[PDB]
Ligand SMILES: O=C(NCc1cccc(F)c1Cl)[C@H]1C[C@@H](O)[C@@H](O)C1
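Below, in structure tokens: the form deposited without this ligand, a single chain.
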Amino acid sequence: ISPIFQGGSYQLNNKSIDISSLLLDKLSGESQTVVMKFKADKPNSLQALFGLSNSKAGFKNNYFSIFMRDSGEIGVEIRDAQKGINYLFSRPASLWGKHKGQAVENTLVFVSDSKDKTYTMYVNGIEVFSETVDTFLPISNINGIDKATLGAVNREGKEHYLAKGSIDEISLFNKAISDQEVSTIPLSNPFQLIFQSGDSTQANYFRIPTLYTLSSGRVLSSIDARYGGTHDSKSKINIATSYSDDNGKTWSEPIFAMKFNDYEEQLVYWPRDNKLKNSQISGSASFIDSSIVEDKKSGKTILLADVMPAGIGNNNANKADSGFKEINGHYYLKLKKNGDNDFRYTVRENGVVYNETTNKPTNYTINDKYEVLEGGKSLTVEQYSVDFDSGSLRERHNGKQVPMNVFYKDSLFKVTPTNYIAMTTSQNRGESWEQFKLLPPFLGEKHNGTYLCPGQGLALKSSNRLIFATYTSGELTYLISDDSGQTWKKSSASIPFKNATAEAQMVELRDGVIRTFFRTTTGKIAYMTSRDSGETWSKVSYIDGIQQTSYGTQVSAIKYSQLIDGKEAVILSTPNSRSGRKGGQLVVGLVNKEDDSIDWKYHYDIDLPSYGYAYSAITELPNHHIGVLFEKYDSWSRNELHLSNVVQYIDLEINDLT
């Protein structure tokens, strides 16, 4: 199983390289494998890395290519006019450009398999497409092929899709190699995956990364395990965690911090065509947006996430309602029973379901896990599974029974179709998690729940104060606990925005001084300061020198433990672009101890300015390196939905940033 052609160190400088004499007469049979290690840190908009063409007059559409875009996208064309075949397979956000100054060696493995009638592309260990066709076109069975080309496609005597870049190594095989052989091919990745397709979560997609360094040196990570593509809603989403005991080098197989069982955890390949991509798992309860903090006093780890029941909608579900009823000075969770038109029930002390019309209790109780019992007996519902077999999404019962949960569609008692905030705890630094409890309303009976700011909570150095940032319309709503997260109070901070996704992260500049950096609708990152450990908050200011899009992106922030250029330092992670979610940066600021102002002195580009960078998580690792877990793609763009393994982790050192 050795190569028919092996070549190396080609410089693609807007001048194609001819290798027809070397390669073309080696090609035989209808299955081929291409293996290519290449760099491209200054690509053109659209460029071919490799081409097989009929270069003769009138055959401009008879060619095979492997091409890329300056967006990071990779693909192949397979075209033959006489066969009436023009195939194009691609996937956005498949490449790296740069890392720590140097251009990245990408490893591309393209497999064209005549027997299975399938083409498959891997880049840097990740399968980015696998396509089966009715009519298969062998890549060198294109009518009249007479040219083999590097750095362009030769069409009618001319160079199309001229490439800037280089190909350190290229190999060809007259075989379709096995998925196993592929995994034996060494890579040169600048990144690693913590969460990934096929792992214990069985989720094909991930979004919203978090990181937090625990006091034992264990680094913890949480994330949305998203099942119905990368949709926020409607969908199935669990909250999954993993940890690292070796400074980010290896990571534990993930577990769930928050999960529902009304729908099966399915690894699904969600459609990316324009007709089907907005398909949504519509009948599932789910979570979204996790946040982590560690309490120095009890040693617990605390994780919060937004929760939604199955019946949640977009509009008319259910703003102006918290889902709780105030009775005296206490909040009880509202329920609605099957046939009723209103919420005539509540969950009082020790889960007893009271009938509000008669104020008399029922023979139903609600347990620790929000499950329904009648006379102490576990009621159950049937689970759903999703498929695209009928050429469209179906959600159907699957025979398996699961505990009846008040967040479910099939449940006898239902919660208000709005958003809530749930909290869980681990006493073993992420090895297991308790059943979550719902947090009570903070803005009164008649106000839908605020939105958790994904990332980290803040543990104040000089006390036992724990703070979680949330957002609602017109304000940041901080959640403050002084008793290991047993009780919470809110601290409201007005912002100049109605209906913003004001995702906020905090750093402590010095004892009792919190700066919160948050996403806005102005194209600039905002901030406010507290000087009383979160009791009161300043007016809002903005950062210049960094740009976001109008709709904006989540920003992550940490106080660096070490001085830089003699001054105390803060690190921000964010896209730097007013067009999309690309141009990822780590920005280093030094604090002016006279006014607590921040001079943003250093900008580190995570990859190319045109390459995808979205939601992110930063942590200072015990060895003082920096770990970054991030969405390496444009998670806003309607053209980059439902990609697998784009959430990635890198290790950086401070000198890398300066």
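A residue's number is simply how far along the shown sequence it sits, counting from 1.
Quick note: we don't show the form deposited with this ligand bound, though the next part is all about it.
Of the listed positions (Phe497, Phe517, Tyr212, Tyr161), a single one reaches within 4.5 angstroms of this ligand by any non-hydrogen atom in the deposited complex, namely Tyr212. Checked against this ligand in the deposited complex, the candidates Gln47, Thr619, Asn54, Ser65 yield a single residue with a heavy atom inside 4.5 Å, and that residue is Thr619. Although the partner is absent here, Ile558 is a contact residue: one of its heavy atoms lies within 4.5 angstroms of this ligand in the deposited complex. For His624, a non-hydrogen atom is located within 4.5 Å of this ligand in the deposited complex, even though that partner is not displayed.
Contact check for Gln456: a non-hydrogen atom falls within 4.5 Å of this ligand in the deposited complex.
The partner is not drawn, yet in the deposited complex one stretch among 82 to 90, 120 to 128, 558 to 566, 427 to 435 has residues with heavy atoms inside 4.5 Å of this ligand: 558 to 566. Interface residues of 288 to 317, taken as those with a heavy atom within 4.5 Å of this ligand in the deposited complex (partner not displayed), are absent.
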